[PDB]
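Okay, so here's just one chain, in structure tokens, the form deposited in one PDB entry.
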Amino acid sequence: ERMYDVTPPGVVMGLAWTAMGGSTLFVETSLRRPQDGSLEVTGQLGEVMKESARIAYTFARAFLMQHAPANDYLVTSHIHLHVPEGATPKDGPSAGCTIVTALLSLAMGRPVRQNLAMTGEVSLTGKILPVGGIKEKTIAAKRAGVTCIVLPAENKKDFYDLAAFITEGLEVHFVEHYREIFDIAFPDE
């Protein structure tokens, strides 16, 4: 199956691939000090992925300054973000939306929708950009029991290049901006 059967606040399921195939990953976040905040990052992340964490971090604060200006959690807290397993090298920008979601989930004290997974690059203003490995990611999500998958709008052709027996029985959302992801990940906000 997968590392988390049920995700608590601050944990979001993302997807990855290599030449060997696709996999699921979980972005984890946590306070490292009790309540000018900071973000510490671990998980053998490559340079491009570390930058995406910085972009996601800035965007998550801006997004929270709007959706809930009274919530200074991300602006003041000292947070640690991790992507297990600890020894596996990871890179690329396709977990940006995953990281935004983990940070907002932690700052609101609200888990995301269960059996949900996502992949997509996020820009500084929250645009969702296309990524690679749609086939492998989709197959790995299915195998892990994911019932709701979130993909960049520009990966739509990639998704429907797949045979119907792969994609049927999958609730899929194609998104252009992170706000759409927020409404799917957090339906009761």
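Numbering starts at 1 and runs along the sequence shown. Take the two forms, find the largest set of C-alpha atoms that superpose within 1.5 Å, and that set is the rigid core.
What comes next is about the form deposited in another entry, which does not appear here.
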Item to check | Residue among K90, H82, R113, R110 whose Cα moves 2 Å or more between the shown form and the other one, once the rigid core is superposed | outcome: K90
Checklist entry - How does the C-alpha distance between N155 and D91 change in the other entry compared with the present structure, closer or farther, given a change of 3 angstroms or more? => result closer
Next on the checklist: Relative to what's shown here, the Cα pair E121 and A87 differs by 3 Å or more in the other entry. Does it come closer or drift farther?
Outcome noted: closer
